[PDB]
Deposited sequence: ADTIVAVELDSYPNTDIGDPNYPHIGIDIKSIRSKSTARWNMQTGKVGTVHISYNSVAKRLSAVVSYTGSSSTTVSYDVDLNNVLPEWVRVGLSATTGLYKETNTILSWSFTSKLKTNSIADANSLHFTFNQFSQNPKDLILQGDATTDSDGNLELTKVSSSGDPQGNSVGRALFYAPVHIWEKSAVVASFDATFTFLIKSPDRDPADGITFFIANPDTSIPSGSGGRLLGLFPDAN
């Protein structure tokens, strides 16, 4: 299958597949069952920001999610990503809706990769354009007239549709390690707007890192965040 590293913002607790019993952020290493989680005071209708970082000396993947005027949620996991991921990857965003639903609106996304053997890649998208040729849009992901990326289906009136799955991948492969590297790092930031008519919105949004040829696995909708074919 694919090889996935993800930071999930998991709005829907699926205790049946190992979620804790609250919305949470999680570090996912080759499984939906997060290796580390933290409770997330999800706020619908408010714009949130997520920052993710890692460097290969610290071997600590971390993420922080916050909204204006609120406490941040943090999560960290000790991991050498070179033992998990291939040396060339694609970076992406994923989101899913299920029976319950939510918008998974990305307003901005930026990413920096460094590889000192200092090789680097940086992109920053604040306005997504109507046909973004440096993104590979998969499933239901589209950009809208407001210049936002809609990971999952929303109606023209701005209402989220159920059972949607969408991903956006930066077009260029990212070099995250190599045999002569002294140190590799990456940082990602996105802002996101989750709105929902539902008391329990579902399912979540991720930033992820995959084999470059990654595509939405069959059976990966809802709780699997468009990342994993099963909940192992």
Residues of the deposited sequence that never got C-alpha coordinates are 118-122
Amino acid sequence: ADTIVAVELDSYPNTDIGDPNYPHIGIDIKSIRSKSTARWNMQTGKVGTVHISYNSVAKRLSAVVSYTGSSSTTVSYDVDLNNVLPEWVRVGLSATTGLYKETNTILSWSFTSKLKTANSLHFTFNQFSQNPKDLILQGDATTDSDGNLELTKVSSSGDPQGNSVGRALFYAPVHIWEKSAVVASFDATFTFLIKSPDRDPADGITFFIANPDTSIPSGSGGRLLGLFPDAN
From here on, numbers count along this sequence of modelled residues.
Averaging C-alpha B-factors over each stretch, which comes out higher, 136-144 or 153-161? 153-161
What stretch has the higher average Cα B-factor here, 77-85 or 126-134? 126-134
Tell me, please, which of 96, 72, 108, 103 has the highest C-alpha B factor according to the deposited entry? 72
Relative to the other modelled residues in the chain, which third contains the C-alpha temperature factor of residue 50: lowest, middle or highest? lowest
Modelled-residue ranking by C-alpha temperature factor, third containing residue 11: lowest
Taking the C-alpha B-factors as the PDB entry records them, is residue 35 in the lowest, middle or highest third of its chain? lowest
What third of its chain's C-alpha B-factors does residue 23 belong to: lowest, middle or highest? lowest
Cα B factor band for residue 205 (lowest, middle or highest third within the chain): lowest
